[PDB]
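Reading the structure
Now for the letters of each chain:
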Amino acid sequence: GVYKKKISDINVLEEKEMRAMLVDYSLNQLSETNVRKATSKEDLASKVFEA
Amino acid sequence: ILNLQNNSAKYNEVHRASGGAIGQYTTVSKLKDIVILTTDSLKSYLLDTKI
Amino acid sequence: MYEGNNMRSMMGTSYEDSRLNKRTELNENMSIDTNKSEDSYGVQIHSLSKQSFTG
Amino acid sequence: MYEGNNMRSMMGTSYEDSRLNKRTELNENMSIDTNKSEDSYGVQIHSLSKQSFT
Amino acid sequence: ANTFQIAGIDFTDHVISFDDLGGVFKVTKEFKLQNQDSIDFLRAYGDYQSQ
């Protein structure tokens, strides 16, 4: 059990760190011609469908 | 699109052409030949709302 | 290229590769065959099993 | 009409229209293969691959 | 759900989605470690190397 948790934590830290890296990329890295401005969750579904 | 495929002198701009100031010129369109031109946002607004 | 001996415990025959076992894979399926919300529509209860989970 | 000798250098042969070599062709399909979202429904979730590079 | 004919439109097969898009932290200003309970809190998660 301690061996299987010492391999499972590898998985959860790798997905968490890579999720962190592309979210961190999605801030402060890409310019204003890329980002668009939504207003609600009942918005942003039409906007992703045109996106 | 249902307007354009009737026998009509309307809907063209042959009065801007040379001899077309007076007289008449009737024409149709085949609906295999009409193509429409919009944004992709209005394309999305078709494909999510009406259809 | 250089023939040498290539032999030590580590850094010979341990410098270029090792035995591979497992690359910390998805076998428990996230977002393929689990992370499901696509279930049925009908008469209902008791898709709820319990193992001993003692090991 | 004028005979002369119409074979000449690269400019003398250009006016009979040197051969169409490239075609600026649409093989990568715009507005047929692409510009589609008319192909998405089934519940077979996230089976997509990253291809390698060149 | 609330619409009728979307037989090729439902793009849900490309939706990587998470419960919350952040649990991570990034240092921007540099410093040194002084608190002992900070050492215990780091090795509470396994960071034993930190002194």
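Numbering of residues starts from 1 on every chain and follows the order in which that chain's sequence is written, so it may differ from the entry's own numbering; residues lacking coordinates are left out. All chains are assigned letters beginning at A, and all ligands numbers beginning at 1, according to the order in which they are written. Any value reported refers to the chains on display, which are one part of a larger assembly. Processing note: side-chain calculations cover all non-hydrogen atoms of the structure and skip hydrogens and water entirely.

Regarding how it was determined, this PDB entry cites cryo-EM in its header, along with a resolution of 3.8 Å.

**Quick notes on the overall build of chain A**
Secondary structure elements follow DSSP: runs of H or I no shorter than four residues count as helices, runs of E no shorter than two count as strands, and numbering proceeds from the N terminus. Looking only at helices and strands, chain A has two helices and zero strands in total. Our radius of gyration is a C-alpha quantity, and the globule rule it is checked against amounts to 2.2 Å times the number of residues to the power 0.38. The C-alpha radius of gyration of chain A comes to 17 Å, more than 25% above the 10 Å expected for a compact globule of 51 residues. For chain A, the spread of C-alpha atoms along the principal axes amounts to about 45 × 25 × 15 Å. For chain A, the residues scored as buried account for 10% of the 51 residues in total. In this description, accessible areas are obtained by the Shrake-Rupley approach with a 1.4 Å probe, and a residue is regarded as covered only by the protein chains that are shown. Entry remark: accessible area of chain A is about 4500 Å², with carbon and sulfur atoms responsible for 60%. In chain A, 9 side chains carry a positive charge and 9 a negative one; their mean positions are 7 Å apart. Note on classification: 1.4 Å probe, protein chains only; a residue is buried when its accessible area is under 20% of the maximum for its type, exposed when over 50%, partly exposed between these limits. In this tally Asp and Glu are treated as negative and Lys and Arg as positive; neither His nor the chain ends contributes. Note on charges: their place is set at NZ of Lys, CZ of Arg, CG of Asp or CD of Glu.

**Some thoughts on the overall build of chain E**
Scanning chain E from terminus to terminus reveals one helix and zero strands. Its C-alpha radius of gyration of 22 Å places chain E more than 25% over the 10 Å reference for a compact globule of 51 residues. Across its three principal directions, the C-alpha atoms of chain E cover 65 × 25 × 20 Å. Here chain E contributes 4 positive and 8 negative side-chain charges, whose respective centroids are spaced 18 Å apart.

**Some words on the arrangement of the chains**
Interchain contacts are distributed over eight pairs of chains, and the most extensive set of them lies between chains D and E. Structurally, chain B and chain C remain out of contact, their C-alpha atoms never closer than 22 Å. When C-alpha atoms are compared, chain C and chain E, though not in contact, are closest at a spacing of 8 Å. Throughout, a contact is declared for two residues whenever any of their heavy atoms are within 4.5 Å.

**A closer look at the interface of chain E and chain D**
Chain E puts eleven residues into the contact, and the matching count from chain D is nine residues. Buried area: the accessible area, evaluated with a 1.4 Å probe, that two parts lose upon being put together, summed over both parts. Taken together, the two surfaces of chain E and chain D that pack against each other cover about 780 Å², and 50% of this comes from carbon and sulfur. Any carboxyl oxygen of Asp or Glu within 4 Å of a side-chain nitrogen of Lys or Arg constitutes a salt bridge here. Seen at the junction of chain E and chain D, the total is zero salt bridges. Residues that form the side of chain E that touches chain D fall into these classes: six nonpolar, three polar and two charged. Residues are grouped as follows: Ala, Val, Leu, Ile, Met, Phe, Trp, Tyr, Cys and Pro are nonpolar; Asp, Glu, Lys and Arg are charged; all remaining types, including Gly, are polar.

**Let's talk about unusual backbone geometry**
With a phi close to 55 degrees, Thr24 of chain C is a non-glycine residue in the positive phi region. By relative accessible area, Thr24 of chain C is classed as partly exposed at 29%. Located in the positive-phi region is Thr24 of chain D, a residue other than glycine, with phi close to 35 degrees. A relative accessible area of 82% means that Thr24 of chain D is categorised as exposed.

**Section: the pattern of salt bridges**
Side-chain pairing between opposite charges can occur once the charged atoms of the two side chains come close. Under the criterion given, the structure shown has four salt bridges over all chains. With its nearest N and O atoms 2.8 Å apart, the salt bridge here joins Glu50 of chain A to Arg36 of chain A. Taken together, the residues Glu50 of chain A in helix α2 (residues 46-50) and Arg36 of chain A in the loop between α1 (2-26) and α2 connect sequence positions 14 residues apart. Classification of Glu50 of chain A by relative accessible area gives buried; the value is 17%. Ionic pairing is found between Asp33 of chain D and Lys36 of chain D, a salt bridge with its closest N-O pair at 2.7 Å. The partly exposed category is assigned to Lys36 of chain D, whose relative accessible area is 42%.

**Quick look at the environment of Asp47 of chain E**
All names here are of chain E. Along the chain, the position of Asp47 falls in the segment after α1 (36-44). Residue classification places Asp47 among the partly exposed positions, given a relative accessible area of 32%. Two N or O atoms count as a polar contact when they lie within 3.5 Å, although within protein this holds only if one can serve as hydrogen donor and the other as acceptor, and sequence-adjacent residues are included solely when both atoms are side-chain atoms. A distance of 2.9 Å separates the side chain of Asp47 from the side chain of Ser50, its partner in a polar contact.

**Digging into the packing of aromatic side chains**
Only the six-membered ring of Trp is used, alongside the rings of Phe and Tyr, when aromatic pairs are assigned; centres must lie within 6.5 Å, and planes under 30 degrees apart are stacked while those over 60 apart are edge-to-face, with the rest tilted. A full pass over the atoms with the stated rule returns two aromatic pairs over all chains. Arranged with centres 6.3 Å apart and planes meeting at 35 degrees, the rings of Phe49 of chain A and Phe11 of chain E form a pair that is tilted. A residue pair is termed interchain when its members come from two chains, as with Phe49 of chain A in helix α2 and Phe11 of chain E in the segment before α1. A centroid spacing of 5.3 Å and a plane angle of 75 degrees characterise the contact between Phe41 of chain E and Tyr45 of chain E, whose relative ring orientation is edge-to-face.

**With respect to a nonpolar patch on the surface**
All names here are of chain A. Residues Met18, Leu22, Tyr25 and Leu30 make up a contiguous nonpolar surface patch of about 420 Å² in total accessible area. Secondary-structure assignment places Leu30 in the loop between α1 and α2. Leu30 sits in the partly exposed class, given a relative accessible area of 36%. Surface patches are drawn from residues lacking salt bridges whose relative accessible area is over 30%; two like charges belong together within 9 Å, two nonpolar side chains (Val, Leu, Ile, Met, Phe, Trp, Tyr) within 5 Å.

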